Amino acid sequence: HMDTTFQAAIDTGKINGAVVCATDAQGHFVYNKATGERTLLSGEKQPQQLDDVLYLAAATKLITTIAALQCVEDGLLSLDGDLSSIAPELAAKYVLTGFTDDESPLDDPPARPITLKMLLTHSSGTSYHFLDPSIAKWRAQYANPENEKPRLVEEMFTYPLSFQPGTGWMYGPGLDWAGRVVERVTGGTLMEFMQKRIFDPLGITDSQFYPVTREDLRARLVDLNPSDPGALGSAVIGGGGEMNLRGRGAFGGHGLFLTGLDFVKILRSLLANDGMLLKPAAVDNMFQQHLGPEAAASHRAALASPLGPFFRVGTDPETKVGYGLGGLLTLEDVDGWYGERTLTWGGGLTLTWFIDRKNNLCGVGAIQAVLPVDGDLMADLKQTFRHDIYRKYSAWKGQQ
């Protein structure tokens, strides 16, 4: 029902198309579909194609997670080790607990060091100012940077922690920090490490972080069009591009561009656990609850908050979930849908991916929206992909 649902959204003019890639571990059931059209900078239209270069936005976080776990394999990092020496900027942040009645900020020194595991699971305290009202308020007052000057990760995320390290959960720049850590301990750029350790082993050559300078990639960027002549990825993240525009260096949180075909190669290596990226035991460890008890309660509060629908990635409020290394982790089966310990996340408002080891399925669905982006319709279109792909999988299994 992707087909009739996606076409109806094209006919209303609210999307231009979609890219969907899914596969079981062995490549028996494979579904790859590009739908609709893209617009070139000239105004010329072309059919959407499976090798169009997509903005991943926060689907970058999964790839940065792998890179950081590969550094763990190398012995350059550990999951629970103290990051204060590699990332002194993180050690220096205090913990904002709230405000007075005269709106004065109450903070406290951090009770413990920040660790890689905390960065990978959004339990370090580093929170996105646009999701955290307390950090939003703090930013309004003690930050008035209206200078557009490009900033490094460490110059962009200057806010205090939202909670004591390890005790809460809030979506934030934890993977931008982790990417910076990976650069500092490897002595090269995040892209250099990923190209060597993730993209090369999978035969991936059509990848770049923002800004996409490669001419061959620019010729296939869906997001290089008259509505987005900067190729900022506006349609994916609901509008803007501010953060990409303002940035300097790779952002492990959001910055990657990649085809749908190449992204599903990454998903499928983790699904098959084929040793191409990480040793099998390190992959297994990704599909576990890595929030402690207090952090897990905070996660569930966030999931019941007004932002909860974004944080749930389409899973039902009655489904028990945690946070693994790489995304949301279901903690129970949904018959006919995600098995327990399915890992899932997404990018912006338009893209979502999942890895379901129990039922042997992974996939990415990436809507190519038209500005202004209808957020409510994007949620329906993503859900349609997430459920219809299991319908298509069952139909195929039934035909054998």
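In case it trips you up, residue 1 is the first one in the sequence shown, and so on.
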property: Residue stretch of maximal mean CA temperature factor, 144 to 152 vs 291 to 299; result: 144 to 152
property: Entry-level comparison of average CA B-factors, 179 to 187 and 235 to 243, reporting the higher stretch; result: 235 to 243
property: Highest recorded Cα temperature factor - choice among 215, 316, 262, 132; result: 132
property: Deposited CA B-factor, highest of 378, 19, 10, 389; result: 10
property: Third assignment of residue 138 from its chain's C-alpha B-factors; result: highest
property: Record-listed C-alpha B factor of residue 220: chain third; result: middle
property: Residue 340, C-alpha B-factor rank within chain (lowest, middle or highest third); result: middle
property: Where the record places residue 356 (Cα B-factor, split into thirds across the chain); result: lowest
property: Relative C-alpha B-factor of residue 44, binned into the chain's lowest, middle or highest third; result: highest
